[PDB]
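Q: Quick one: the structure is below, questions incoming.
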Amino acid sequence: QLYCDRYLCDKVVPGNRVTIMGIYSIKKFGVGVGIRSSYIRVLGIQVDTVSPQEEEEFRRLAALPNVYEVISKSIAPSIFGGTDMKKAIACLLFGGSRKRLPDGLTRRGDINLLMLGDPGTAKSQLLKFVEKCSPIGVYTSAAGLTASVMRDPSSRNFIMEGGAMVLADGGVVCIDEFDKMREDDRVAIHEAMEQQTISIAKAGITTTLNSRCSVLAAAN
Amino acid sequence: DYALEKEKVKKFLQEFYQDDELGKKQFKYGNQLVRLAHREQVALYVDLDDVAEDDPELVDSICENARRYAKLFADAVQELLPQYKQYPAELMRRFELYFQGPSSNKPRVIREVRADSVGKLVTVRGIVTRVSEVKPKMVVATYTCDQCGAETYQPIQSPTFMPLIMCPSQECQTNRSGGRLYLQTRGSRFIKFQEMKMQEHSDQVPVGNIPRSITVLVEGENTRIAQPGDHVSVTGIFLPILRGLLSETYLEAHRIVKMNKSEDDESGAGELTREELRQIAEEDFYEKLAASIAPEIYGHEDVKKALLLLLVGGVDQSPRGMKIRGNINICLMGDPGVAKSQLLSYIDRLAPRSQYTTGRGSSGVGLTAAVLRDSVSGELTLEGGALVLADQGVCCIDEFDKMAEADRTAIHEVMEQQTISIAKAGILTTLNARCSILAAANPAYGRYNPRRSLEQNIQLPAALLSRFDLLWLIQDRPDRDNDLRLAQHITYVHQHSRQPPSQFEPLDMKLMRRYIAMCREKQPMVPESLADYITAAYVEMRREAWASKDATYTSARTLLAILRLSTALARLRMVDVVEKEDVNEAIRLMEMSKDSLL
Amino acid sequence: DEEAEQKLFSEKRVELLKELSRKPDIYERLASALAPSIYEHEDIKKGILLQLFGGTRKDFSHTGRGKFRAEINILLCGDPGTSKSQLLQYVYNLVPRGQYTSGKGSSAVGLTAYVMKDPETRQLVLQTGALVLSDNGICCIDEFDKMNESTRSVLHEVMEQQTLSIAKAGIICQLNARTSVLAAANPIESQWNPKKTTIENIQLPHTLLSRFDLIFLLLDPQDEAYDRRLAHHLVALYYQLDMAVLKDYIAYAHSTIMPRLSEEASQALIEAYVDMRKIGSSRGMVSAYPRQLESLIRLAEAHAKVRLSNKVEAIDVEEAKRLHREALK
Amino acid sequence: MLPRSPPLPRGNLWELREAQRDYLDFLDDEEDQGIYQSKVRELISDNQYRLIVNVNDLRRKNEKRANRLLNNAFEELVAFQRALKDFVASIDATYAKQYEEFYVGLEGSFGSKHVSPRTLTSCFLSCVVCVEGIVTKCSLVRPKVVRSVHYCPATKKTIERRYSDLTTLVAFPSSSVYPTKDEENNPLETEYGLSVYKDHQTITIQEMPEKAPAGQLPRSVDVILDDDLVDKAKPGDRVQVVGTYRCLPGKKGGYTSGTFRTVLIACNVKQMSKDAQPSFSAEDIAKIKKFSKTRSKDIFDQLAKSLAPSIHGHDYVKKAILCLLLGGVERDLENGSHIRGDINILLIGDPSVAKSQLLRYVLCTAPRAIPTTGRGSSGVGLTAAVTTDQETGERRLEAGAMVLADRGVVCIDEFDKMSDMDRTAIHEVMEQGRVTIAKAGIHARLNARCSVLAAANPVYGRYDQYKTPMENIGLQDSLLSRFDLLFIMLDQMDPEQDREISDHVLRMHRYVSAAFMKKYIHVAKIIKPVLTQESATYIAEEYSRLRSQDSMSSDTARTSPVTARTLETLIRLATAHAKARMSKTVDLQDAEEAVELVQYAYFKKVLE
Ligand SMILES: [Zn+2]
């Protein structure tokens, strides 16, 4: 357990790699008779990992005559055959544009894809690739995909669990075995791709979560 | 200051006139003080409209404080009592004083009473819940020093109190510097006490908000007035609880009035006048009421004739120790849109004790009685269902074909023996549930069809079909003429918001609810000379339903219909013996209930 | 609790009982005094009267056999309106230490024994159901058909061995009781259609029909004479033998009687079982297993107790054989 | 987008003596334009405690004080509220004593103080801030003493006592001992009627979802409403609290942990979203009374054409949806009966016929509309469910969807993916208008007078145009009677309509008045026309001709049964058509406008 201070607060996010320099010490708020608690008072922190000239290697590449295939060729090195199934995936990484008519009746800005066919493990590779090479992306087979309402042991009441499609903001979500997902969960993912938001009205929960992600599904 | 108020209240208590006593100007409180002095009465409901008749200022400063004043009054009467006819002046009180709300104030709701009215006289309306049982609350604890042979007292105010171990008499201490004194439950004084919660009417709540509760400390004479699950109106101070700066509050009831009838409990005021005996003595009194039941509904001249027998009910015997029920059960199988859920909603409001339930929104343990645990004590307690809360009244269950099949056999017990026998793992008992049931249902798949016979476009097991004395069967026959008159009725209704002028104007609900309560307690008999007529009729039935291809399951439980469906009629005509003219009315009913199929 | 109190009978009363027990029909004179509101139904009252005495309480601890049930289980099947539930409602109000149960409002563990988290000590403790609270008396189970086959297969133990073996989380024990079921059911389709076979209107298995020993089929149609007599009787209840004879005759006949078989009675009990097999085999009505041969004993002895005969003779087998035969017809 | 003012700045047109003597001079306000002397009086005529101030004015008047007030809020707001009682006594001293103490809210534009609960650091301690966000709980309103009044029955005197806690602007912890014997000689007795209590709540603002960085669990903050600000916020809102920020310490056993808890002592609240339209101009009402008079022939059709221009075809459905948006007239007879005054519409058809579009438009047009689906909705979660509390542990009745939307609209899409055990929970709340619940420890009846707009995909995936209208719909003839209008919008296969539909949507993908229907229907809703015997004999005839099968046709099937329940839907559509005209008397031209709709919606034709 750590203890950050004035300017070290809000410097790291759950999921980071760090390197702490702290003063290993003991709590003094005064199993065993003389046992104490212990923490590390942090007083140094680190994190482990755009340009004008970099802009030009995007410019010229967008301008070169055969700009289309150069990407769709280098987005699936291992798996080969039928570049259409790789042609399409090139678009999902960019997507259309979000329009707001005068009525505020916004429009989608993402796409969805289904790769039907036998599970022959040729598609899991592709899922892993598209997840790895994405600005935001999650590959799922826990809490679920959409939100749930679960009876908390402590509260003894129902609480709300936003799943994956609420954490992926603009990103891309990959799914396999489209008949394995929980019946309720499959209903909710249907509605989420329909409306692009999840709104549960149950025991003590009436909230809304904007789902803004891209579905790349693989069937069987 | 108050020393001059104790005189301005004595004046009012000794001087007040009243004319409505039916005599001359007597003294409303003049007689009361004598009765109280002769220990023939305990409570003195000092009205506040009468102080607001000659001094509208004192009323302003009562409902402003109402805590000092309720003590000045109990001192004024304490002084006046001897003048008509132990050590502390409270152990010898033996009476209490209560304020009956002033008429100018308006009955608030539970949500409205805020902190700006702590310590003032308020008035709330609500539904009772979780009324406790009477327990003795101490007022003046009496101790004794067994050593020095004395008697001592101390008065209690808080919900707690610390006893005494002194014997503070300086003589006992001075002589010997030693001695303890025992508590004692003889010389002390207790007073009845019970606490009960109130909730808002779920009607007068914002569209989806949670109702709030309040606590009421009934004590003294107002106890045992209110029953749980009840509409009530309470008048009492609104105080905080003793023992940081936040405070929890309770209502300290001074007056409790039942408002079941939507106006004020007038069941005890069910007095029929001679000018109404005029009507009740007419030739066809039975036929006026029948037409004055839910007049907004055209047609159905016969169904309204049976829904009245259900409200009056037959007589119940007990020969050689073999109980026979004296209630009537009725079902209303029929096509969609024939105003069944209107008839039921009306028969709900025309009954002293009634309940409304829907088949698809009620579970089988929630109808009869449920055993539920308290996570505060871990103790299992019983909790009545619908049929228990509707003990001496009527229960209404529409959408009766859609109730789950394991939640419907929990009615077979209440329809014949009229008890509920629970043997779950906390309790083992039989509650009394003497209710008469009235249910509505759709025949097969929404609509009757003439291909399949009965019993297959009804879908009730014979064991339950036979529990119903009258399974009435209506239809949506689209006869061009029958539709024209129905429409010319409903459009008149939507124009004027009333029914078209009928032969006889319907009686008020308030008046029928009394005409019937007077008509229940007759208990007519049966004459022997009729046992040959009745018999033959019954026999004939067992022939037809045995020599037919549609008829239902008739059994020896049908005879008791004819019998108990005629002691109802003979109870309307105010006779004290069943006559051969009512047996034929009953027999006609049991025939006009399945003719809608021929 | 009043077995010591039976010695507290006026000797003026034992004369009365012993003398009433000599009239040639004291059987039909006591039986016909049960429930003086049902119509004739002459046999069902005979069965329900023999159930209030029960066979002897023999002591089989020596033969290592175990124990031996001495009470009689009775089943009533028949089409609606035939006054079954009234007989249960009457018995339940007569016998002390009894219960009344129903079909859907009773579970598997609520009838025999459940395990509850005791609130204070937070520990699992055992409790007793309905078939164990009766324990000396009758456990009326109405609506016998409408209990899913799970909760119906529980009666197999408590109604034949008079025991109950529990093995749950921390409780491993073996109760016992001396109850006697009295059940009432409806035929399947709730209508006794005579096209099907008797073992098809009941629709109960054989491993459950054999634990009963008096299956009364109330086959009653629209007999124009019966209906007329019944209606004439029922209407009479609207105008307007003793008990303490029966209430004391029963205590006596329990306290100081123990019918032991004979050799002339035992020689009519062997053939009465060798014919039952050939009869019940073909018809397809209800087969007969050796358990019935014990029931006859149970019935025969129970008849001898009615007349205080203290010894089972021939006629006490012919009666309780005609009763066992003329109930399924 | 940054909210740098409570009044949306884009389209607003359409010692301690110096402070106290400067606030008074600011509150004079007479000599320049009399802005506040027009507000003090205004509130005295309404009997209010507090008045809202614009700091934007304090700036122009005196910059130094405007800065010293946003950085030392406590010592400045204890001097503002003093020199406000001073200035109200300078108008009506009789009023200036009715109330114990006055209060003063704030509003305007604070420079860097407009923060979110995520940015509210510990450099804003004792500084006016303006927090925005969602309320996600409330507390139980409880009194709280600020003064006692005691009494000596022996000495006939009267002593008082002033209370103060850590939730004041002065912050001295007083003990609530309630003295019973000041001097050991005399006994005391409290007088509750003459004491002074106040209200007290505690809500929890939480950061807006679409403003979170989405990686964490958005931050929260605790607000302490008071003194008739109390019930001004329910769970699920979007508020802009404007209150001082404060840390309140503690000590359990003479040894304090340095850790403190920080709260926000609110002194104003603002609902950000405008969810009402009663603000109309006299020019607007003039326009309205013009338009309602111009042509009585064609105002309904002209209204409905302009309903949803973003959709091509479906004129009938738009007509009926307008009828929904108006509503009938709820008659309650004298004996206590009640007849509903709403219209429930059902739309079935092949995929992609703009059903969801019509629903999503009816949502935004009408006020108080609630959306719902066919799988994210249980039979009990629609009406009311029993639960308990976490603080008290005693049961209560949480309101479902169709009880929140009272006097409103409920939009149920994919009404067919709802199990049979779930539709049945509606038959009471769609006709009788109120929900009845008898659960274990709950017996209640909630008012749910609403109207249902539902959309359902047909069985077989697509509407087989040959079977029959009854086999393409799974609903049983008991639920099919509740919904009084059934529109079969099967995918328009005719080649013409698709052409203009494509034109329209593609034009949209290359980027009567709209904001006038709002006011016009919000006005024409209240009118309550009354039948007349000229038409009431025409309806009473068209129904008796509908009810006769022969007069219908051959080779024509029935979508839904005609009962005595469609009769009073004729009456409802009629008096909802004479609500657009603002007519107040239905005529024979109405009872004929609403009969063709029925003739079209009830009977379908089968092919082979
Ligand atoms: Zn003493």
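We number chain B the way Swiss-Prot does; in order, the residues shown are 5-89, 125-282, 291-645.
Header says: electron microscopy, 6.8 Å.
For all residues, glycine too, the Cβ spot is worked out from N, Cα and C.
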Q: Here are some residues: B:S309, B:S314, B:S544. Which is flagged as phosphoserine in Swiss-Prot?
A: B:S314
Q: Check Swiss-Prot for me: it has B:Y345, B:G384, B:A386, B:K387, B:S388 binding ATP 1, so pick out which one of B:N248, B:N479, B:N489, B:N496 it puts in that same site.
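A: Of B:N248, B:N479, B:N489, B:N496, B:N489 joins B:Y345, B:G384, B:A386, B:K387, B:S388 in the ATP 1 site that Swiss-Prot records.
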Q: Swiss-Prot annotation SUMO2 cross-link: which of B:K15, B:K89, B:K351 has it?
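A: My reading of Swiss-Prot gives B:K15.
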Q: According to Swiss-Prot, one residue among B:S142, B:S241, B:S500 carries the annotation phosphoserine; which one is it?
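A: Checked Swiss-Prot: the phosphoserine annotation sits on B:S500.
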Q: Can you check which of B:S197, B:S365 Swiss-Prot annotates as phosphoserine?
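A: In Swiss-Prot, B:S365 carries the phosphoserine label; others show none in the record.
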Q: Which one is closest to B:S365 (phosphoserine) in space, judged by CA to CA distance, out of the binding-site residues B:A386, B:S388, B:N489, B:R514?
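A: Of the binding-site residues B:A386, B:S388, B:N489, B:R514, B:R514 has its Cα closest to that of B:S365 (phosphoserine).
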Q: So among B:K15, B:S314, B:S500, B:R514, B:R604, all listed as recorded positions, which is physically nearest to B:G384 (ATP 1 binding site)? Use the C-alpha atoms.
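A: Out of the listed candidates, the nearest Cα belongs to B:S500.
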Q: Among the recorded positions B:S365, B:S388, B:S500, which residue has its Cβ surrounded by the fewest other Cβ atoms within 10 Å?
A: B:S365
Q: Out of B:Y345, B:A386, B:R514, the binding-site residues in the record, which is closest to B:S500 (phosphoserine) when you go by Cα distance?
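A: Looking at Cα distances from B:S500 (phosphoserine), the smallest one goes to B:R514.
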Q: Ranked by the number of other Cβ atoms within 10 Å of their own Cβ, which of the recorded positions B:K15, B:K28, B:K387, B:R514 ranks first?
A: B:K387
Q: Against chain D, with Cβ pairs under 8 Å, which of the recorded positions B:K15, B:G384, B:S388, B:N489 show up? Give them in sequence order, please.
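A: Listed recorded positions meeting the cut-off: B:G384, B:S388, B:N489.
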Q: For a quick check of packing: other C-beta atoms within 10 Å of the C-beta of B:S314 (phosphoserine), how many?
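A: Its Cβ has 12 other Cβ atoms within 10 Å.
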Q: If I restrict to non-local contacts, at least six residues apart, and a C-beta distance under 8 angstroms, what lies near B:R604 (ATP 2 binding site) in its own chain?
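A: Those within reach of B:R604 (ATP 2 binding site), by Cβ under 8 Å and sequence separation of 6 or more, are B:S513, B:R514.
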Q: Using the residues the record lists for ATP 1 (B:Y345, B:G384, B:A386, B:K387, B:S388, B:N489), what whole-number Å value is the largest Cα to Cα distance?
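A: Of all Cα pairs among the recorded ATP 1 binders, the widest measures 20 Å.
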Q: Please classify the secondary structure at B:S388 (ATP 1 binding site) using three-state DSSP.
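A: For B:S388 (ATP 1 binding site) - judged by DSSP and reduced to three states - the answer is helix.
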Q: When DSSP states are folded down to helix, strand and coil, where does B:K15 (SUMO2 cross-link) land?
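A: DSSP call for B:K15 (SUMO2 cross-link): helix.
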Q: What is the Cβ neighbour count of B:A386 (ATP 1 binding site) at a 10 Å cut-off, with all protein chains included?
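A: For B:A386 (ATP 1 binding site), the 10 Å Cβ neighbour count is 21.
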Q: Against chain C, with Cβ pairs under 8 Å, which of the recorded positions B:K15, B:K28, B:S314, B:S365, B:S500, B:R514 show up? Give them in sequence order, please.
A: none
Q: By DSSP, what is the split of the region 'Interaction with RAD17' (B:521-564) into helix, strand and coil residues?
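A: Grouping H, G, I as helix and E, B as strand yields 26 helix, 0 strand, 18 coil.
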